[PDB]
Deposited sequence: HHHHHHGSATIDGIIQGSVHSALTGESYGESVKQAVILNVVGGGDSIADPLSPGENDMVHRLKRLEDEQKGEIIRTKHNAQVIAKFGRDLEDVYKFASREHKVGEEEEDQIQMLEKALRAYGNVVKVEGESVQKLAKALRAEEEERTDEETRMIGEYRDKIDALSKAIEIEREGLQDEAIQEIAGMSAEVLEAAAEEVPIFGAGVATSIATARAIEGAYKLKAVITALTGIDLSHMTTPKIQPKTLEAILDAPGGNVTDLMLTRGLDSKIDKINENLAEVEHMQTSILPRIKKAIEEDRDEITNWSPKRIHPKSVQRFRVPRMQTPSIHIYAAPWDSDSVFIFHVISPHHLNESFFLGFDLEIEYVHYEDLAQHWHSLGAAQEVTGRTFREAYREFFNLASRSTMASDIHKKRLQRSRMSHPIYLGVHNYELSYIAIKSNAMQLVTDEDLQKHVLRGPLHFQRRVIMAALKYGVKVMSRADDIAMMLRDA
């Protein structure tokens, strides 16, 4: 229940190609980053499919094409009508199969990087060579970007388009090798074949959290850690271990869906046999699957809340972890009082959540303390104190959602640095207040490095 009271600094992210930030207090901008991401991923997928369909089928199996065809090409009726359970199983299996292939590739490269030099095979030597050539490009890019900064800057380290970022940053491209416009990542392949899209379409279960970042913050940090000097093989692993963390987190989610939730969906279909007009054993009726609806504010994302009074200095993050690790934390801000709150919380009791030992406080208990502790600060004006006291007896106003790309543990670690690292706290709050709020979001999602 941390109530910590708050040179060049860089957001560990790339603009253009990289994932977007938003002002936490702007519901519109947060909604639009998701809308734009979906439209951009759909246009990318057409290129992946056209370029690589034969090779995707050869590697991952025709199941991926089957899920794609069902999603957007064919609609079967009567006797030929698709078994939607068989479809749901197919899409879950395909998603898990794509991410496990990604994981194995990063594991192999990570293992090779921490395997002396003499001990490395010819192909281990080859593969580290190819990875280091890309890292050299990223290093030179970051070098040129760094001396372009003003004496006192708070901004993202670099700026490259998605195609340039894939060519330089993506460690283990599945197809597309060293041809720009042709690089096919596991995230691109999943999106192209609409694997998550179909799982969500059939079950109502949101899976936006099951993704990977386009660049690893710890990779960027290591490049800055070694200025001109070549980043150690060991230092590179930090980024690669962050990636495997997220991949394993994704794999555990899909396995939790297959072993825990899939059996109950099957059960629900047979139970509703006499509750549904023209019931079919081949169809998942929306009625049968509302059993597994998480409340919109309990999905695995950064949920943003505003103060119940007119304030642009107060915002609450409530970040929820994947369902299999049924965890969440509170991160509150009052920039007018230079105040930051952190707290670990209890587990939700929604259908999708895995059961844990019942420790931690309620989100409700957490916002009462946030407003309470704020009203006690010596820095607070008599007007502000009275507004915080009114808000405390009041409840926070839900704005919306902002999906995160790192592991839940890494977002937790990012939040921890925002509450404890006092050096961080003084390079973050500079410039227009609305700009400060974006920077806090960026610090929560990726991290900032001070120089």
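Stretches of the deposited sequence left without coordinates are 1 to 9, 16 to 32, 478 to 490, in sequence order.
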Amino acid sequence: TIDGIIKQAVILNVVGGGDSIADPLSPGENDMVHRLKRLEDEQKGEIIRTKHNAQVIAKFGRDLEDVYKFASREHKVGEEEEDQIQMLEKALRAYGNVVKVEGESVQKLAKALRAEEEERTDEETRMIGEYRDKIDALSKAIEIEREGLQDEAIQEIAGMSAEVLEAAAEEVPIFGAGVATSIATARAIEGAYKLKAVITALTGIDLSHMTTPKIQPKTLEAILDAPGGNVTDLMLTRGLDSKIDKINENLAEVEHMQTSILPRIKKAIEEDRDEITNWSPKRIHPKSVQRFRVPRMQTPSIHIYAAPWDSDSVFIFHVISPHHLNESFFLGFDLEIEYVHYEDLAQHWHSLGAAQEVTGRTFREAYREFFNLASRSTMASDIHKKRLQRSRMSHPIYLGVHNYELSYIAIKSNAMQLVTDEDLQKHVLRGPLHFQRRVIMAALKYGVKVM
From here on, numbers count along this sequence of modelled residues.
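Stretches compared: 111 to 119, 139 to 147. Higher mean C-alpha B-factor in the entry: 111 to 119. Of the two segments examined, 364 to 372 and 244 to 252, it is 364 to 372 that shows the higher average Cα temperature factor in the deposited entry. In the PDB entry, the Cα temperature factor peaks, among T359, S260, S72, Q84, at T359. Looking at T299, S328, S351, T219, the one whose CA carries the top B-factor in the deposited record is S351. Sort the chain's modelled residues by C-alpha temperature factor and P295 lands in the middle third, per the entry. Placement of the Cα temperature factor of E163 within the chain: middle third of the modelled residues, per the deposited record. Compared with the other modelled residues of the chain, the Cα B-factor recorded for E80 ranks in the middle third. Sorting the modelled residues of the chain by their CA temperature factor places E124 in the highest third.
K412: CA B factor in the middle third of modelled residues in this chain (values from the PDB entry).
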